[PDB]
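Below you'll find only one chain, the form deposited in one PDB entry, shown as structure tokens.
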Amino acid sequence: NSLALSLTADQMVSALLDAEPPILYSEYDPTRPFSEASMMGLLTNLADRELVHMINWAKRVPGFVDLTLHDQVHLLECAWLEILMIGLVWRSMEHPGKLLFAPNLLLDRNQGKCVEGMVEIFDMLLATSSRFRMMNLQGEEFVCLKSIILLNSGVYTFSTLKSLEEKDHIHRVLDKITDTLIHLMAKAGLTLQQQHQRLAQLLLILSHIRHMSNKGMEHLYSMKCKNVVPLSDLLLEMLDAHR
């Protein structure tokens, strides 16, 4: 059958929590005032190493390995910047007004003006972090939201008659993660009305996270033509998947 549809709510939380990739470090040197092109190199180098952990994290997500290789490639190509962004927003939650790209790389809004076009995307990331802070987002809810982004950001972008069965199994996992979130909120002493409201508030942020990824993805393609960022072979194949 499948290993995801058999997991319970608490076992779902355990698996996702156990699957969490580590928080990588950056080669940032505070003694060197990094310019726009150098600050881009740090984020490109960091995101390149994060993709490798994300790819192996997606394997640990329940149900993801129960899909074809072409489906796995599709979902990640569509959601990689979304998953990076929501991870960044999560790490920055207790650093108001700053984005914790790495434990040694904490950036300010003014430092985002360094790179041209980054200001608007920095402000959206900051506001998303502000939203998680107001909601007091729990880690068990974050890991659910992150694996939802993985299965949802490419499920309507496939489809033939044979591949239609794969679409239905993804929603069965999606519905399972939705039960898990509700299980979490009920455990935290929330009424039914409160659980439905918070469940909606979380999934609406995913609309904004998609907006940031899209606007961000559009910005990444321009710099490839601008040729200001250093080298990154996997990010080029990921960026061209949206082109």
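One-based numbering along the sequence shown. Shifts are known only where both forms have a C-alpha. For the two forms, the rigid core is made up of the largest set of C-alpha atoms that agree within 1.5 Å on superposition.
There is also a form deposited in another entry; it is not shown, and the following applies to it.
Checking 235, 223, 19, 13 for C-alpha shifts of 2 Å or more between the shown form and the other one, after the rigid core is superposed, gives a single hit: 223. The two forms, fitted on the rigid core, differ between the shown form and the other one by 2 Å or more at the CA of residue 32. Shown here is a form in which the CA atoms of residue 119 and residue 223 lie at least 3 Å closer together than they do in the other entry.
Between residue 32 and residue 129, the C-alpha separation shrinks by 3 Å or more in the other entry, relative to the conformation displayed. Comparing the conformations between the shown form and the other one, with the rigid core held fixed, yields the displaced runs 28 to 34, 223 to 226, each spanning 3+ consecutive residues whose C-alpha shift is 2 Å or more.
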